[PDB]
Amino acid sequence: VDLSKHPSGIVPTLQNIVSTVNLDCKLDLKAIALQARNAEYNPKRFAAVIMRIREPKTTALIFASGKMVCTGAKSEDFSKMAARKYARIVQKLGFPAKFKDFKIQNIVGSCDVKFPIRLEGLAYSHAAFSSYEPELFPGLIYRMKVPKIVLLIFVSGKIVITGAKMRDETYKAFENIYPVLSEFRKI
């Protein structure tokens, strides 16, 4: 790992990317669910057609408005690439599908500092950013202000970082928290 960009020497692994794009045309969801083999639509439950492709492994939520949500990709590039594949399927189904305003909405990453954490102590010292009700959920919820990112910290040293729109925010949030986890290493 480049110790210069990642001083901790640990790089969070990207696990999930959520993006949206505007197909810029109205869609007939019922016609889409009928023609598209790997597409499901239950309006009474959710007003979108749920469609999936194997590569990049992702799930799309396609709306009558032409707007679309892409989930599951492991990278921003994989997410765009997946979103484009769905736009072409929709095009080939007979709709004038474009690719307007593609935007990465959320990036989810995770890593392991490989040492256990004293969550109770970190929670106490960082109370204005922490939420820890172990009887509820075993992880401490750390709502970082700069960058405005949320981290789920576990006793095992495993960390989830979410809410970023740029991978650098994910990286910086982790670099910020790293000395704090060290400060609260369970001995």
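All residue numbers are counted from 1 along the displayed sequence.
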query = Got a sec? Mean C-alpha B-factor, which is higher, 34-42 or 133-141?
reply = 34-42
message = Averaging CA B factors per stretch from the PDB record, which one is higher: 61-69 or 121-129?
response = 121-129
Per the PDB entry, maximal CA B factor within 107, 83, 90, 113 = 90
Residue 151 by Cα B-factor - lowest, middle or highest third of the modelled chain = lowest
message = Among the modelled residues of this chain, does the Cα B factor of residue 78 put it in the lowest, middle or highest third?
response = lowest
request  = Classify residue 173 as lowest, middle or highest third according to the C-alpha B-factor given in the PDB entry, relative to its own chain.
outcome  = lowest
ask   = By its CA B factor, does residue 18 count among the lowest, middle or highest third of the modelled residues in the chain?
value = lowest
ask   = By the record's CA B-factor, is residue 164 among the lowest, middle or highest third of residues in the chain?
value = lowest
